[PDB]
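Peer 1: Provided hereafter are the protein sequence and its experimental coordinates.
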Amino acid sequence: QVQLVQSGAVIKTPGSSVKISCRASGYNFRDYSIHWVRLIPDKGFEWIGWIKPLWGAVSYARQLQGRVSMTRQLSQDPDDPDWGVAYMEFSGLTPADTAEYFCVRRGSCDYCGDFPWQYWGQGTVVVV
Amino acid sequence: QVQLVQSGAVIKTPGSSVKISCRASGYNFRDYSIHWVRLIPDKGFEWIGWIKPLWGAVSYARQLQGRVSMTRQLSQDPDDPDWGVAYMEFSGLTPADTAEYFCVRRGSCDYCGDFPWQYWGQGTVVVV
Amino acid sequence: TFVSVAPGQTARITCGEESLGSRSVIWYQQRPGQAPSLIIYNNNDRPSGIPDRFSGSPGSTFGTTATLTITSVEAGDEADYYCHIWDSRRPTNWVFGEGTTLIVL
Amino acid sequence: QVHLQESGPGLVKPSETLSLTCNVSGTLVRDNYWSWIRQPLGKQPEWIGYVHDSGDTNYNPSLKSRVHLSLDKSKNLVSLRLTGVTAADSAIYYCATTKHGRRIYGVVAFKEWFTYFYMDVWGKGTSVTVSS
Amino acid sequence: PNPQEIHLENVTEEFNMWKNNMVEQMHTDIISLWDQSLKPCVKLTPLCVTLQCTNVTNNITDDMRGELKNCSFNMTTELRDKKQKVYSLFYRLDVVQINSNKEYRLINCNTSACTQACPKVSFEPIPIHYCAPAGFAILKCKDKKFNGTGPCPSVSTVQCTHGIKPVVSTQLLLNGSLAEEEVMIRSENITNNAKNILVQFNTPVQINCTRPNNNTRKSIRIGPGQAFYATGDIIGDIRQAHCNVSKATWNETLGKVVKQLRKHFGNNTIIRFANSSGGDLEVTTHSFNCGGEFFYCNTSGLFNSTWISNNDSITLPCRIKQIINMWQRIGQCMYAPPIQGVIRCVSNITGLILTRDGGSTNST
Amino acid sequence: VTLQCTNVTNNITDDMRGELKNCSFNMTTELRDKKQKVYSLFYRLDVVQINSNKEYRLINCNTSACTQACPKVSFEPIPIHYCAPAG
Ligand SMILES: *[C@@H]1O[C@H](CO)[C@@H](O[C@@H]2O[C@H](CO)[C@@H](O[C@@H]3O[C@H](CO[C@H]4O[C@H](CO[C@H]5O[C@H](CO)[C@@H](O)[C@H](O)[C@@H]5O)[C@@H](O)[C@H](O[C@H]5O[C@H](CO)[C@@H](O)[C@H](O)[C@@H]5O)[C@@H]4O)[C@@H](O)[C@H](O[C@H]4O[C@H](CO)[C@@H](O)[C@H](O)[C@@H]4O[C@H]4O[C@H](CO)[C@@H](O)[C@H](O)[C@@H]4O[C@H]4O[C@H](CO)[C@@H](O)[C@H](O)[C@@H]4O)[C@@H]3O)[C@H](O)[C@H]2NC(C)=O)[C@H](O)[C@H]1NC(C)=O
Ligand SMILES: *[C@@H]1O[C@H](CO)[C@@H](O[C@@H]2O[C@H](CO)[C@@H](O[C@@H]3O[C@H](CO[C@H]4O[C@H](CO)[C@@H](O)[C@H](O)[C@@H]4O)[C@@H](O)[C@H](O[C@H]4O[C@H](CO)[C@@H](O)[C@H](O)[C@@H]4O)[C@@H]3O)[C@H](O)[C@H]2NC(C)=O)[C@H](O)[C@H]1NC(C)=O
Ligand SMILES: *[C@@H]1O[C@H](CO)[C@@H](O[C@@H]2O[C@H](CO)[C@@H](O[C@@H]3O[C@H](CO[C@H]4O[C@H](CO)[C@@H](O)[C@H](O)[C@@H]4O)[C@@H](O)[C@H](O[C@H]4O[C@H](CO)[C@@H](O)[C@H](O)[C@@H]4O)[C@@H]3O)[C@H](O)[C@H]2NC(C)=O)[C@H](O)[C@H]1NC(C)=O
Ligand SMILES: *[C@@H]1O[C@H](CO)[C@@H](O[C@@H]2O[C@H](CO)[C@@H](O[C@@H]3O[C@H](CO)[C@@H](O)[C@H](O[C@H]4O[C@H](CO)[C@@H](O)[C@H](O)[C@@H]4O)[C@@H]3O)[C@H](O)[C@H]2NC(C)=O)[C@H](O)[C@H]1NC(C)=O
Ligand SMILES: *[C@@H]1O[C@H](CO)[C@@H](O[C@@H]2O[C@H](CO)[C@@H](O[C@@H]3O[C@H](CO)[C@@H](O)[C@H](O[C@H]4O[C@H](CO)[C@@H](O)[C@H](O)[C@@H]4O)[C@@H]3O)[C@H](O)[C@H]2NC(C)=O)[C@H](O)[C@H]1NC(C)=O
Ligand SMILES: *[C@@H]1O[C@H](CO)[C@@H](O[C@@H]2O[C@H](CO)[C@@H](O[C@@H]3O[C@H](CO)[C@@H](O)[C@H](O)[C@@H]3O)[C@H](O)[C@H]2NC(C)=O)[C@H](O)[C@H]1NC(C)=O
Ligand SMILES: *[C@@H]1O[C@H](CO)[C@@H](O[C@@H]2O[C@H](CO)[C@@H](O[C@@H]3O[C@H](CO)[C@@H](O)[C@H](O)[C@@H]3O)[C@H](O)[C@H]2NC(C)=O)[C@H](O)[C@H]1NC(C)=O
Ligand SMILES: *[C@@H]1O[C@H](CO)[C@@H](O[C@@H]2O[C@H](CO)[C@@H](O[C@@H]3O[C@H](CO)[C@@H](O)[C@H](O)[C@@H]3O)[C@H](O)[C@H]2NC(C)=O)[C@H](O)[C@H]1NC(C)=O
Ligand SMILES: *[C@@H]1O[C@H](CO)[C@@H](O[C@@H]2O[C@H](CO)[C@@H](O[C@@H]3O[C@H](CO)[C@@H](O)[C@H](O)[C@@H]3O)[C@H](O)[C@H]2NC(C)=O)[C@H](O)[C@H]1NC(C)=O
Ligand SMILES: *[C@@H]1O[C@H](CO)[C@@H](O[C@@H]2O[C@H](CO)[C@@H](O)[C@H](O)[C@H]2NC(C)=O)[C@H](O)[C@H]1NC(C)=O
Ligand SMILES: *[C@@H]1O[C@H](CO)[C@@H](O[C@@H]2O[C@H](CO)[C@@H](O)[C@H](O)[C@H]2NC(C)=O)[C@H](O)[C@H]1NC(C)=O
Ligand SMILES: *[C@@H]1O[C@H](CO)[C@@H](O[C@@H]2O[C@H](CO)[C@@H](O)[C@H](O)[C@H]2NC(C)=O)[C@H](O)[C@H]1NC(C)=O
Ligand SMILES: *[C@@H]1O[C@H](CO)[C@@H](O[C@@H]2O[C@H](CO)[C@@H](O)[C@H](O)[C@H]2NC(C)=O)[C@H](O)[C@H]1NC(C)=O
Ligand SMILES: *[C@@H]1O[C@H](CO)[C@@H](O[C@@H]2O[C@H](CO)[C@@H](O)[C@H](O)[C@H]2NC(C)=O)[C@H](O)[C@H]1NC(C)=O
Ligand SMILES: *[C@@H]1O[C@H](CO)[C@@H](O)[C@H](O)[C@H]1NC(C)=O
């Protein structure tokens, strides 16, 4: 199986910075990309970014550069090499960004692309 | 490539003993024989001896026994196993032996013998 | 640290610690009683008014003391010499090199 | 044509601020860097510091607080203010011009160079001494 | 010798770059061959010791942070009862502080002890010719304008392919095989974002990379037969490793790649090259090997331009690491031993690896 | 390990040079914290002096540590018959 667990919901102040964790378990973490998407009410979905956790190469959306930042932390352990953590340090928090934030992972079939996000995190709502 | 470098020229006294070094580099030293030949003016070449540097078995000329002596020093190192040193401790030095001394090595082809000395040292002249 | 050669010959007056990086030494003269005077303001070039016979070692050599070579010494060279060295690894020297004077016969 | 004139008390009592001035000739003060040179008797001279307008006033870090250098645009001079006269500063003093110059030994954009100085011309010196 | 490039008529072969074989096989081959070339070399488990480090003999300026530390420590001799106090030089990207006083340790001692590559072996690429076994054939698409997927109308069978140099470079792939007439971009799906855009151009841009210090290696005997090659003294000045690219040739090749990349996004689009976005040090920067030393050269001096619809050189700095973690496995390193003398290598950048930005919001 | 050697219990004559030395030294136990002072006999062609007092070490410790042949195996020659393969 594959699990994506997040951190709990938070209430922050305008101009502060949130830091959302995303722990992935149940697969070889160093292979598959992790995407981050958000859900704003009354505006539909909106993509944020992705991160390849082998090295850590990221890519952000064009309208969110200079605000978001993504890191990862691998499992340097030859006994449980499966688990891993992704992070998002979303800075420049304005009152428009009250939303729910999901960290997703693509499917594992061969004809699955990258954007057919199969496995989903529980989502974390932030309110500012 | 294959290099045979010697020591510099020396001036010795009658009855003393010279010690000529010969550093070989660029090949597996534990395989090929090293010969020592000399060149006396107005008498042509004259062979001195040879040494097999795997163990150190030597052979000298018949007219020079009890005077010459040859040792070797291998490279006890698994990082540069190529270089090696041969020595000659020529004792009983008389005024007739003012000469030039070469340390030579045979060719590396299959139909090369032992005596077709291909690679030559620079030679060291001794004057007594 | 005195040195004395007969007049007309050459002399090598040395100063400073061994070289670590590239350096740009300067060399000073002090006739007794008066002010100092510049001799070499880089490794190997001198200001105008200061003549030839004042040659210096280059600075690019690593592991080499700071010397000053004079040829054709005369009685006007009876003074004090000083190195002031600027090594590009060791920090800047707010005090000169050791006073190594030179007198002639 | 330049020649400098040092001027000071010469005889100083201890625990007092030593002051000294340097009158100029030929060229004025602002257009070049100036430096103060101390030399005790029969040894190496030591360099005190160097001054210029626009903040180019680094001192000897051994001293660094016991001395403050200053400029005289009005009278066309350059001064020295020493503080806390010990027994060591009984020496001859010099105001002397200096010229800079860059020794470049690497890539220029990597800040891989330095600036060496040299005193070209000198004054006459002033033998300041402390007594009790 | 003389490999039989045999042409075939009237043949339309469906090639695919991205779902190809021979690349995961080549990747497993090169990592297994990497693993087998380290087994006879020594293991460095007696070096995870509490190092006492200090600054190198240098005029420390506060703005420039020194990439060298001078570390001294106890180490066992070949005689097991006695120990020697030795010193070496390390790079600041290899040690970490343990917490006044200063004590450092190596970066990998809480993850994995690891192997110094025994320096009789070397790291330059030699060409490998892959060959098919008996009863298999290798097809080669001799078309010129072939973007990498679909039919190729002029194929040819080969017994054994040409010289493939295995280089390890992350961006700016060096010593590659050039194009024929154009600069070719290629992608699996160019309207996708997660797939890299491989760019290969025709005339190469040469690059001169150097480190200008001369390290003096020294041999510190760990035990019986096992020696450890440390950095001794730096004679001469200490300077920063760098690389030079010709500015006019780089501007011309970026002009060519913009003229090519406008064919896929409309001609009236403004193409802007920015530097890398972030991540680990082996992807934010140009990583390569040069004479047995691993360089990590900054790349923001090249990828910085804005192209609108209408004898100088670029010096880019580098940082070098002695402890690598290539292929990103769990319990591996390689302690690359130092190389004597200054190091210079001249190579020829032939390609690039690019990545778009996943733009929303009316972006022109 | 740094061996402390001495002469064997023997009437040492000066002309005859003894081919045996009696060497004692520390050695680890199977319990890693404790060590035992043991003694053995070596041949003079296997030890070398480290420089009064006398301390010896083995001849190969600055070249290569090396393997005791485990003595269940033997070294006498048995006959080997080489055979050609088929064809
Ligand atoms: C990637 O690209 C980058 C950039 O493109 C490359 O980076 C370059 O890397 C090199 C490699 O080191 C650096 O070279 C050093 O340069 C300095 C500075 O040279 C410049 O300045 C000199 C003097 O300045 C003149 O002009 C000013 C006003 O502007 C004026 O005030 C001053 O008085 C003087 O008039 C110029 O002469 C010099 O020109 C040189 O190059 C010209 C190019 O074509 C050539 O025509 C000239 O003839 C001349 O050769 C340049 O403008 C050099 O000084 C330095 O060399 C010294 O230092 C090293 C190490 O210490 C030493 O090995 C050298 O031998 C040399 O040392 C001599 O000079 C010292 C100066 O005081 C002297 O003290 C020494 O004792 C020694 O003296 C020699 O000459 C005296 C006579 O004076 C004689 O008595 C002695 O016996 C001895 O022969 C280095 O060469 C570059 O700075 C750097 N940056 C740039 C922008 O180029 C990078 O390398 C590239 N990477 C790759 C992989 O390609
Ligand atoms: C990394 O850090 C280490 C640790 O400090 C440095 O190694 C030392 O470097 C200093 C340089 O100042 C060396 O000190 C010199 O020692 C000379 C004596 O040599 C022997 O002495 C020691 C015992 O102290 C022996 O164990 C050893 O075998 C040496 O061979 C002195 O003669 C030197 O005097 C200097 O100053 C006087 C007056 O100032 C001058 O007249 C002299 O000409 C000379 O310049 C000096 O004291 C010290 O020996 C080094 N230690 C070791 C163990 O090597 C490294 O240099 C440093 N590395 C880098 C790159 O910075
Ligand atoms: C190589 O070198 C070693 C080191 O010296 C020698 O080993 C020692 O040999 C001496 C021989 O003189 C032994 O000494 C004898 O010890 C007896 C006691 O036995 C125990 O004692 C020790 C503590 O001292 C215990 O640790 C150990 O377990 C022993 O079991 C004494 O009773 C002996 O007395 C002798 O002299 C008296 C009077 O002269 C007589 O009446 C006795 O009958 C007896 O002959 C004696 O003192 C010593 O124990 C040995 N040490 C060890 C560790 O074994 C090797 O002998 C030598 N090898 C060769 C080949 O020469
Ligand atoms: C060894 O390294 C030190 C630095 O760690 C270096 O000292 C600096 O040298 C420069 C040039 O020799 C000094 O001059 C500066 O030059 C610039 C350019 O003109 C000026 O703008 C500076 O003015 C300000 O900057 C200083 C920075 O702290 C201030 O302290 C100063 O008061 C001014 O506000 C200044 O004129 C520079 O002052 C020193 N810095 C120090 C701290 O001494 C030294 O030259 C190097 N020596 C060798 C031999 O390599
Ligand atoms: C233990 O070993 C010692 C030797 O380390 C041994 O002592 C020697 O024994 C022999 C015979 O018992 C002694 O006698 C010698 O015999 C020959 C043959 O006749 C003579 O030529 C000798 O004369 C000279 O040689 C001596 C050599 O140093 C001289 O010292 C002597 O003064 C004569 O010049 C001599 O008669 C021999 O003298 C001793 N040597 C010593 C140093 O005691 C002893 O016997 C051995 N004991 C046991 C129990 O094994
Ligand atoms: C190499 O090994 C030696 C041996 O352990 C190390 O030296 C030891 O260093 C410690 C300090 O970390 C010393 O402790 C100090 O002892 C002094 C007495 O001299 C005491 O006043 C202090 O309060 C402190 O306790 C220790 O004595 C010392 N041991 C010896 C035998 O000198 C050394 O640190 C190791 N590393 C290097 C780079 O030398
Ligand atoms: C790509 O280019 C940009 C801009 O040229 C680089 O951004 C700059 O990166 C440096 C180094 O990280 C930043 O300097 C540091 O800032 C921090 C504060 O965040 C400070 O603590 C450090 O001491 C240092 O000053 C700089 O601020 C930053 N500038 C901007 C506008 O973002 C970026 O690093 C380049 N990317 C790569 C991979 O090199
Ligand atoms: C970068 O790559 C190119 C090609 O991959 C390198 O070679 C250049 O182009 C040709 C192809 O090898 C060279 O011609 C060769 O000449 C030798 C000797 O005459 C001949 O034996 C070969 O069969 C071949 O014809 C050409 O000389 C070379 N260009 C230059 C200027 O030498 C190129 O060297 C690589 N490096 C750089 C810095 O460009
Ligand atoms: C076996 O291991 C022990 C333990 O290290 C070794 O004994 C040690 O031997 C040294 C002499 O090399 C002793 O040093 C001396 O200590 C005395 C005080 O009794 C002092 O007066 C001397 O000036 C000298 O410093 C050391 O104390 C001693 N250690 C112990 C615990 O006894 C022994 O050498 C090893 N080998 C054998 C064959 O036993
Ligand atoms: C070497 O030791 C320490 C550790 O680097 C240096 O202290 C810091 O050095 C950095 C640059 O390397 C400066 O940016 C800091 O401001 C320094 N901090 C302090 C408190 O000084 C030290 O300067 C170096 N040199 C010596 C002689 O110790
Ligand atoms: C860098 O260091 C090496 C030493 O590893 C220098 O080589 C020395 O060169 C001189 C002049 O040819 C010889 O006399 C020495 O014997 C050499 N050293 C050794 C150990 O053999 C080299 O010259 C240095 N290069 C620079 C540019 O500093
Ligand atoms: C990279 O190094 C090569 C090799 O030195 C440089 O080619 C030299 O360039 C100079 C200046 O144009 C010529 O005078 C030489 O004849 C060239 N030599 C060779 C062998 O081609 C090249 O310029 C360097 N590139 C950069 C960007 O610095
Ligand atoms: C990025 O490219 C520009 C040129 O396109 C370089 O020039 C500087 O650009 C910045 C803003 O991008 C200006 O603030 C500077 O004034 C420009 N420099 C000069 C001398 O005018 C810039 O250097 C490049 N960036 C890097 C990191 O190399
Ligand atoms: C054992 O210890 C030493 C080392 O061998 C012996 O001293 C030398 O022994 C040789 C023969 O082994 C003699 O040729 C030397 O003349 C001896 N030298 C000295 C200075 O005596 C010693 O004799 C042996 N026996 C004892 C009891 O110590
Ligand atoms: C854009 O310009 C290119 C330049 O050759 C041309 O081929 C293409 O037809 C143009 N597209 C449009 C829509 O004008």
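Peer 2: Perfect, thanks for sending it. Numbers count the residues shown, from 1 in each chain, chains lettered A, B, ... in the order given. Ligands and ions are numbered 1, 2, ... in the order given.

Peer 1: Identify all contacting residues around stretch E:203-210.
Peer 2: Contacting residues not belonging to stretch E:203-210 are listed as E:174, E:178, E:241-246, E:249-250, E:253, E:288, E:290, E:295, E:297, E:318, E:342-350 [CB atoms under 8 Å, 6 or more residues apart in numbering or on different chains]. Every residue, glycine included, has its C-beta placed from N, CA and C.

Peer 1: before we move on, which element is residue C:73 in?
Peer 2: For residue C:73, there is no host helix or strand (DSSP states H and E).

Peer 1: List only buried entries from the contacts of stretch E:203-210.
Peer 2: In terms of neighbour count (16 or more other CB atoms under 10 Å in any protein chain shown), the buried residues within those are E:174, E:241-246, E:250, E:253, E:288, E:290, E:295, E:297, E:318, E:343, E:345, E:347, E:349-350.

Peer 1: Among these, which ones are in strands?
Peer 2: E:242-246, E:288, E:295, E:297, E:318, E:343, E:345, E:347, E:349-350 (DSSP state E).

Peer 1: I'd like to know the beta-bridge partner residues of the residue most central in space within chain D.
Peer 2: In chain D, the centroid-proximal residue (CA atoms, centre = their mean) is residue D:36; its distance is 1.4 Å. For residue D:36, the beta-bridge partners under DSSP bridges are residue D:49, residue D:95.

Peer 1: Just to be sure, residue D:97 is in a strand?
Peer 2: Yes - the assignment for residue D:97 (DSSP: H, G, I helix; E, B strand; the rest coil) places it in a strand.

Peer 1: Give me the distance between the two termini of stretch A:91-102.
Peer 2: 17 Å (CA to CA, to the nearest Å).

Peer 1: near chain E, anything from it?
Peer 2: No - judged by CB under 8 Å from any CB of the partner chain, stretch A:91-102 and chain E are separated, with a smallest distance of 13.6 Å.

Peer 1: contact partners of that stretch?
Peer 2: For stretch A:91-102, the external contacting residues (CB under 8 Å, 6+ apart) are A:6, A:12-18, A:20, A:36-41, A:48, A:66-69, A:88, A:90, A:120-121, A:123-128.

Peer 1: and those, which of them are in helices?
Peer 2: Using DSSP state H, no member of these sits in helices.

Peer 1: Just the buried subset of those residues, please.
Peer 2: A:6, A:18, A:20, A:36-38, A:48, A:67-69, A:88, A:90, A:121, A:123-124, A:126, A:128.

Peer 1: just to revisit the earlier point, closest to ligand 13 out of the ones in strands among the buried ones among the contacts of stretch E:203-210?
Peer 2: Among those, residue E:245 lies closest to ligand 13 (CB to the nearest ligand atom), at 12.7 Å.

Peer 1: So what sits opposite the closest one in the bridge?
Peer 2: residue E:207, residue E:314.

Peer 1: How many neighbouring residues does the residue of chain A found nearest ligand 12 have?
Peer 2: Of all residues in chain A, residue A:57 sits closest to ligand 12, at 28.3 Å by CB to the nearest ligand atom. Neighbours of residue A:57 under the rule other CB atoms under 10 Å in any protein chain shown: 22.

Peer 1: Ok, the one 4 residues further on next?
Peer 2: Taking other CB under 10 Å as the neighbour definition, residue A:61 ends up with a count of 22.

Peer 1: Name all residues that make contact with it.
Peer 2: A:46, A:47, A:48, A:49, A:68, E:357, E:358, E:359, E:360.

Peer 1: Show me what it bridges to in the sheet.
Peer 2: As for beta bridges, residue A:61 partners with residue E:358 under DSSP bridges.

Peer 1: what's the answer for residue E:15, then?
Peer 2: The partner residues for residue E:15, given DSSP bridges, come to residue E:150.

Peer 1: That one contacts residue E:154, correct?
Peer 2: No - with contact defined as CB atoms under 8 Å, residue E:15 and residue E:154 do not form a contacting pair (11.7 Å).

Peer 1: which residues are in contact with both of these two?
Peer 2: Joint contacts of residue E:15 and residue E:154 (CB under 8 Å, 6+ apart) are residue E:141.

Peer 1: Grab the nearest non-local neighbour of residue E:160.
Peer 2: Distances taken as CB to CB, 6 or more residues apart in numbering or on different chains put residue E:131 closest to residue E:160, at 4.1 Å, once the chain neighbours are dropped.

Peer 1: Need phi/psi at that neighbour.
Peer 2: Note on residue E:131: backbone dihedrals following degrees, to the nearest 10 are phi -130, psi 140.

Peer 1: Give the full set of residues in contact with it.
Peer 2: Residue E:131 touches E:138, E:159, E:160, E:161, counting by CB under 8 Å, 6+ apart.

Peer 1: Buried ones from those, can you make that a PyMOL selection?
Peer 2: A single PyMOL command is used to select the members of the contacts of residue E:131 judged buried by 16+ other CB under 10 Å:
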select buried, chain E and resi 161
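
Peer 1: Out of the contacts of residue E:131, which two sit at the greatest distance?
Peer 2: Using CB to CB, the pair of the contacts of residue E:131 lying farthest apart is E:159 and E:161, separated by 8.8 Å.

Peer 1: distance of the residue of chain C found nearest ligand 7 from residue E:55?
Peer 2: Per CB to the nearest ligand atom, residue C:91 is where chain C lies closest to ligand 7, at 23.9 Å. Residue C:91 sits 12 Å away from residue E:55 when distances are taken as CB to CB, to the nearest Å.

Peer 1: Give me the phi and psi for whichever residue of chain E sits closest to ligand 3.
Peer 2: Taking CB to the nearest ligand atom, ligand 3 has its nearest neighbour within chain E at residue E:81, 19.1 Å off. With angles defined as degrees, to the nearest 10, residue E:81 shows backbone torsions of phi -80, psi -30.

Peer 1: And for it, nearest residue in space, chain neighbours not counted?
Peer 2: Excluding its sequence neighbours, the residue lying closest to residue E:81 (CB to CB, 6+ apart) is residue F:2, at 5.2 Å.

Peer 1: Quick check: the gap between the one you found and ligand 2.
Peer 2: 22 Å (CB to the nearest ligand atom, to the nearest Å).

Peer 1: Surely residue E:256 forms part of a strand?
Peer 2: No - assigned with three-state DSSP, residue E:256 falls outside any strand and is helix.

Peer 1: Isn't it up against residue E:200?
Peer 2: No - using CB under 8 Å, residue E:256 is not in contact with residue E:200; the gap is 11.6 Å.

Peer 1: picking up where we left off before, specify which member of the contacts of residue A:61 is nearest to ligand 8.
Peer 2: residue E:357 (31.4 Å).

Peer 1: My guess is that closest one contacts residue A:59. True?
Peer 2: Yes - Residue E:357 is within contact range of residue A:59, at 6.6 Å (criterion: CB under 8 Å).
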